[PDB]
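Student: got a structure for you, letters missing:
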RNA sequence: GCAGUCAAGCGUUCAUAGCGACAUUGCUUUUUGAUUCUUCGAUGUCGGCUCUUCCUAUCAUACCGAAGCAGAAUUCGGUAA
RNA sequence: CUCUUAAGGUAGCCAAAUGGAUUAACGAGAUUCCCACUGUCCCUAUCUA
RNA sequence: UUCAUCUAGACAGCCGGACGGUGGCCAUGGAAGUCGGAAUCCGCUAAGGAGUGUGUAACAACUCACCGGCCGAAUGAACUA
Ligand SMILES: Nc1nc2c(ncn2[C@@H]2O[C@H](COP(=O)(O)OP(=O)(O)OP(=O)(O)O)[C@@H](O)[C@H]2O)c(=O)[nH]1
Ligand SMILES: Nc1nc2c(ncn2[C@@H]2O[C@H](COP(=O)(O)OP(=O)(O)OP(=O)(O)O)[C@@H](O)[C@H]2O)c(=O)[nH]1
Ligand SMILES: [Mg+2]
Ligand SMILES: [Mg+2]
């Protein structure tokens, strides 16, 4: 699961033919005379048939075992690939290839049995050519499926690696609300940043760490009102993202003038997509508020904006992409809301806490005695500086001497010169350690 | 060579394919049967052979019933065929013995019995963490 | 559908409403995950892949009789034979049945007759044998047999039915009947009891008969025996082929790992009377007790395990320990 | 037929013919190249082989697993008294 | 004060190093990157010594000591014994013991005041330990696990035992050693907690794959960065539930 | 990663400094290199090259003629439009086949000196209820892999071929004995079941069997190809 | 392979008497990667050690060209024994 | 058309202990495996006539 | 060999024009000659396609098809040996 990028390759029909049929002419013997024995003349061509059969079968196996089997993977990737590659055509082309794989094998199986009754080089050669021709003609009909599958392979190798079970925050809304800008603010990902409706046509992923945990943020292309049947294959990615992913959705609102859409349409869009918010713990955010400050909004527009807070639960905040310091509060609050459900749900299991009571619970001493056992730190450490890896004057860092002298496997560190004697002069000395027999270290002692 | 710390010098091979050694770890097996040698040469008629500190593939001929019928990795920790150290001296143990591991080099059991060669404890850092007697 | 032209914008088939879209997806997610939960328990190999250990290569002695040298005798006997008889084992017939070729004979050769013969009927009770003939006689004739030369049972019933089959083809100058089945079911012993002398070689080891052999009786009917087949079913065990006697037990490598199956198939009461016995559990102890009693001691002084397990399996297959499989209950 | 199994040759075809030498004293077939900007010196000597013996030395080899350790090895001693000079020869360089 | 580094490319820092309160010993092989990873954090405050024990790089599983002394096995040669005596000051007794279980780092798990020993270690060594290190001695396993020195990290501030340890064993060992304990991991889920990091009163070093939720508990239980007073696991409860 | 990243990267920085000139000069060298390759590339890489060099020329002629013509310039029902798709025989006097070929001597005995057996080496149509003979009274072997059961029969008009089963071998030229044995050489006249073509005769009956001629040597391939006789 | 369609040329001039390259359709079993439990008569010889040498129609090693070739790993080609 | 499947739950009625040929012993008859043992082999070296 | 262009200026190069209805209709988030589908017309001219390629999310920008300016005498295609 999670980002099938290793699909080998797919060549078209006219080059698959060439590959396999030149392999069989380069990696098998070629000279044969009619004066040879008839069992030799038979074996030659039986080999020519079997080898090409194996060639085609093996080119097809790598396609049938590489593609990700759209049925029974996960009902999120299933639906995404459905809206991306047309599940029907996807399955049909692979069934076409699977059918060719059996046809070729049957042809190869039959013409060997035919060859083993031949009585001359002419007849055996003709049966060989017949077999290879029927194989080539089976293959030349796959011009369309093999051309569709290569593009599907290429484009599926580039899809982001979303994960359904993890901790996710979705960023949806209209075109031009500020969602991609917010994803760029939080995460660090390449997203085209120009002001028009569909600058993005796919889902974008970013990651970030909060409270020693990992979170993913997803950015969606955006929905129109479009009453639920005249929708693109672009809106479907956003809708299935909202429907399939246990997450926290941060609905943005462009209560503004740059792309200052009719608020009585944005709220209707919110209310129309509201069924997707079954248990998502939504959090509406008003963006681009550096020019509006919605405190100065009309009474009836205030009533429109109040028409959202009568849903089960939705919190309200306000930020901008200019003052990029209060924006961290949004994602912190949303993470808190996600963890609120995560932790209670995982406690609901009530067998996991029993077994993890070993790693979340410290054991106290009861102290057993009065003897004082205190931590010991010297003062040469309390007097220490801190090594700044960039300051012009710092410690010398022996690896610097090594790299300057020097080299990794060419620098010879003097193991002495770093120890303490009664006379720093005689440190580059030599202990004898042997006399006539007589290990020296055995006799050496003071007194 | 995957999982090993550094280079390995050459020592006398003393355990060709088809040999049987003991199981020093406490996983539950009682002996092992060598059937391949990770990282060998290739030469006509030569039997792949193993030496101290090498990684081999083995089955379990006798021991726990959950551990049999499956081929697993093992490391060789005792040789019983005189080899030569570089502080010049030759030596040998009293039997061939190895312990079962995983393709990264990590142990299955927790403790190792009996001595263990330097020439293996220095190569595999996790054998030097579970051996209680070295040489 | 897709590509650098891609003249398609809207999906199929514009689902009716989010109200049911969310419902369908919320059911499909749970439906999915419970399948993975079930398959986890069923069976896994991912932990084997983590621990980096794998499974040993399967033994070659468990691959007969496949290997086309004998499947080229099978179709030749079927081609030459006017009437086929499929022989079964009265101990467990549904395992030795070998369907797999009846579909063939029905599709390509409907003019051939294919009756059943259920022999080795003196190794099961009488109600068991009667029940099996009854439950099998709803597809084909299925006679019941016991093949010895001196003391047989069913010889007249088979003879006076081959005579009928011969009278039906009264313008064919002869009829040929061919015997097919698993190995070690008694194809040669049936010919020997019909003819009343040792005509074809019989032996307790499976692969006795190797090529086909013609044998005449009554001047108008020939009998053909052939080697025994095992269809290459790509499932159902490695240790079922053992207990449907096919493999020569001298070649299986660790023959002690199969004894739990013998303890499961047989009865404790029956097994206690043939060795004779002490009381036991955990078939390792069964083997230890038996070998200590019988003196199968190795070079000082512990017991032999494989040498005893081989003869236990041989006794099982050769008809020395009583066992059978219950027939399908009445209705 | 094609040997079915590839295997290296037996022996080296550059040390042929495997015949007896032509003297008890082998001859030097090339000398160090030259440099006229250096003092005059001999390029080889003559000695007599006298047995082997053993040695241990304190190893320095940055990178090795025997950096700062001892190693026991074998050495060959050759006996070389001084050599006395008795003549000089000159060589012309001809197109043969 | 938790740091992450490596030996050549291995995460088992406690195999190639040994860190006590007053000195540090590091292996020899290859270059001055591992030694500089200690000099970067300790400068000239304490001696850092390049050493081998029996001509091998695994100098963590073969030695044992605290700020008072240092025990080496019987395979240590006179040259390296003298090297250690030259490099260390006179406040640290040194002794070569003659014990069968010659992997003293695997066999002893000591601190400044108490030591746990393998249950079969013998009497002369049990007396030399208390004599040189000035500590107490307890024969004891860690959830039935021989080789205490490798399945447990120790300090004067707190300890850490491998995650299979039972809660009752944790309570008892805490009663013995007079320090808090937890059951955690290192190097992205490894059970040899004592052989994959080195710790003392004011510094901890562990491998390059010790994840953030592991580094948190390591930084907390040993009370490394002011302040982490062994109760902040109350704020660390939810992340632990979500990561276990 | 994750999208059209190379395209975004080209939009954002862009492709090279020396890219367009490299391509512009490869283009100009192309006409030299193509001609240099036609005089090198020996040994089947010259044949593969020349064949495509010829096919490309033909395609360019087709395109140019079509474009040039694009400047100046049978009664089906409403449901059938908008959709798509003497008494001599065609093959008299085919070559003759002796009895020395198509038969094959097979010798028997431990020291093979008792031949008396013959194997047919052509294709046969064996019948319905075959039942091979006893090996002791069998003399004319017809192996089981040369036995045919169907044929590819084509209508002379109506432009369509079908896979129809055979029903008999009505007449084989060059012998009546081979007609008896059932041999399927070239020129043979066979009887095929034509219920797939839906033919109705005057008086309203339903044809389901007619005659066809086999039009190939089915020993140099597997298929039997036949033309219906209408 | 067999039965057709096309249409640059050839054929003494020639379409339509005739041939006829390149392209193209008919089908040999089932449009949703489901297992296909064919494994159906070699009448004459393969199969395997010990050891050299040669060919290239190249598996690996050296160097290059092209690919949605980001990195890693690959795929198709060129020189080269 | 004068016509054909009875049998029931781990051993059955009957028949002079037995229900046999799945036959002991013997073998310069043929064959498969196990323990022991080894220069058969990895991979060869040395000695005496 | 057979057909063409040409001092009322050829072939190769530079430079200028390359227009108006009009962003022609149907499509759809966006399609302005250049993702696609059906026509492919009208006006003004020396000439200028409801457009041969590069390019943009859509435009813009460059380009040839076709005209003209500078220069000044031969040039092109197909075919056979
Ligand atoms: N001046 C200003 N402009 C903003 C701010 N936030 C969003 N914008 C506008 O948002 C435009 C870009 O679009 P995005 O911010 O990515 O919103 P979006 O188009 O819905 O994002 P995607 O649909 O995912 O591509 C910019 O041109 C800005 O004009 C803001 O805080 N200040
Ligand atoms: N108890 C019992 N054993 C039988 C009976 N019939 C045969 N057997 C035994 O089963 C084995 C049968 O051997 P075969 O007759 O050769 O059976 P087969 O293997 O199918 O025959 P082949 O074609 O020669 O391979 C012999 O050992 C017989 O002793 C029977 O009726 N009762
Ligand atoms: Mg945009
Ligand atoms: Mg048999």
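Tutor: Yes, it's here. Residues are numbered from 1 along each chain as shown, chains lettered A, B, ... in the order given. Ligands and ions are numbered 1, 2, ... in the order given.

Student: every contact and neighbour count from this point should use C-alpha atoms.
Tutor: Will do.

Student: same question for the strand or helix carrying residue A:404: list its buried residues.
Tutor: Per DSSP states H and E, residue A:404 falls inside helix A:399-405. The neighbour-count check on helix A:399-405 (16 or more other Cα atoms under 10 Å in any protein chain shown) flags A:399, A:402 as buried.

Student: ok, now stretch E:196-210?
Tutor: E:196-210.

Student: state the pair within those residues that is farthest apart.
Tutor: Maximum pairwise distance in those, criterion Cα to Cα, is 22.6 Å, between E:201 and E:209.

Student: C-terminal to the helix holding residue A:404, which secondary structure element comes first?
Tutor: Following helix A:399-405 in sequence, per DSSP H and E, is helix A:440-443.

Student: what does that next one contact?
Tutor: A:432, A:433, A:434, E:78 (Cα atoms under 8 Å, 6 or more residues apart in numbering or on different chains).

Student: what's the burial count for residue E:174?
Tutor: The local packing of residue E:174 (other Cα atoms under 10 Å in any protein chain shown) involves 22 other residues.

Student: do the same with residue C:122
Tutor: There are 15 residues near residue C:122, going by other Cα under 10 Å.

Student: hang on, it in a helix?
Tutor: No. Checked against DSSP: H, G, I helix; E, B strand; the rest coil, residue C:122 lies outside a helix; its state is coil.

Student: still on that earlier bit, now the contacts of helix A:440-443 as TSV including distance to residue A:354?
Tutor: Output for the contacts of helix A:440-443, formatted as TSV (distance: Cα to Cα, whole Å):
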residue	distance to residue A:354
A:432	65
A:433	63
A:434	65
E:78	54
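
Student: turn these into CSV, columns for distance to ligand 1 and neighbour count.
Tutor: As requested, the contacts of helix A:440-443 are exported to CSV (distance: Cα to the nearest ligand atom, whole Å; neighbours: other Cα atoms under 10 Å in any protein chain shown):
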residue, distance to ligand 1, neighbour count
A:432, 78, 9
A:433, 78, 14
A:434, 81, 11
E:78, 71, 14
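
Student: ok, those vs chain F, which is closest?
Tutor: residue E:78 (59.0 Å; Cα to the nearest Cα).

Student: list the contacts for that closest one?
Tutor: residue A:441.

Student: swap the cut-off to 6 Å and go again
Tutor: Residue E:78 makes no contacts at all, as judged by Cα atoms under 6 Å, 6 or more residues apart in numbering or on different chains.

Student: give me the distance between it and residue D:55.
Tutor: 20 Å (Cα to Cα, to the nearest Å).

Student: ok, longest helix in chain F?
Tutor: As assigned by DSSP state H, the longest helix anywhere in chain F is helix F:47-72.

Student: which parts of the chain are strands?
Tutor: Assuming you mean chain A. Here chain A has its strands, by DSSP state E, at A:168-171, A:204-210, A:213-219, A:247-249, A:252-253, A:283-286, A:315-318.

Student: can you look at chain C instead?
Tutor: Using DSSP E, strands in chain C cover C:54-55, C:83-89, C:115-119, C:143-144, C:175-181, C:213-217, C:221-225.

Student: ligand 1 is nearest to which of those?
Tutor: Closest to ligand 1 of the strands of chain C is strand C:54-55 (Cα to the nearest ligand atom; 47.9 Å).

Student: ok, that closest one: who's next to it in the sheet?
Tutor: Note on strand C:54-55: by DSSP bridges, its sheet partners are strand B:70-78 (antiparallel).

Student: gap between the partner strand and the chain center?
Tutor: 6 Å (Cα atoms, centre = their mean, to the nearest Å).

Student: ok, and for it, which residues are buried?
Tutor: B:71, B:72, B:73, B:74, B:75, B:76, B:77, B:78.

Student: what sits opposite the first one in the beta ladder?
Tutor: Counting by DSSP bridges, residue B:71 is bridged to residue C:54.

Student: any idea how far residue E:56 is from it?
Tutor: 32 Å.

Student: ok so, going back, any chance of the strands of chain A in JSON lines, plus distance to chain B and mean neighbour count?
Tutor: Formatted as JSON lines, the strands of chain A follow (distance: least, Cα to the nearest Cα, whole Å; neighbours: other Cα atoms under 10 Å in any protein chain shown):
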{"stretch": "strand A:168-171", "distance to chain B": "33", "mean neighbour count": "24"}
{"stretch": "strand A:204-210", "distance to chain B": "29", "mean neighbour count": "16"}
{"stretch": "strand A:213-219", "distance to chain B": "27", "mean neighbour count": "19"}
{"stretch": "strand A:247-249", "distance to chain B": "36", "mean neighbour count": "26"}
{"stretch": "strand A:252-253", "distance to chain B": "48", "mean neighbour count": "25"}
{"stretch": "strand A:283-286", "distance to chain B": "46", "mean neighbour count": "20"}
{"stretch": "strand A:315-318", "distance to chain B": "50", "mean neighbour count": "15"}
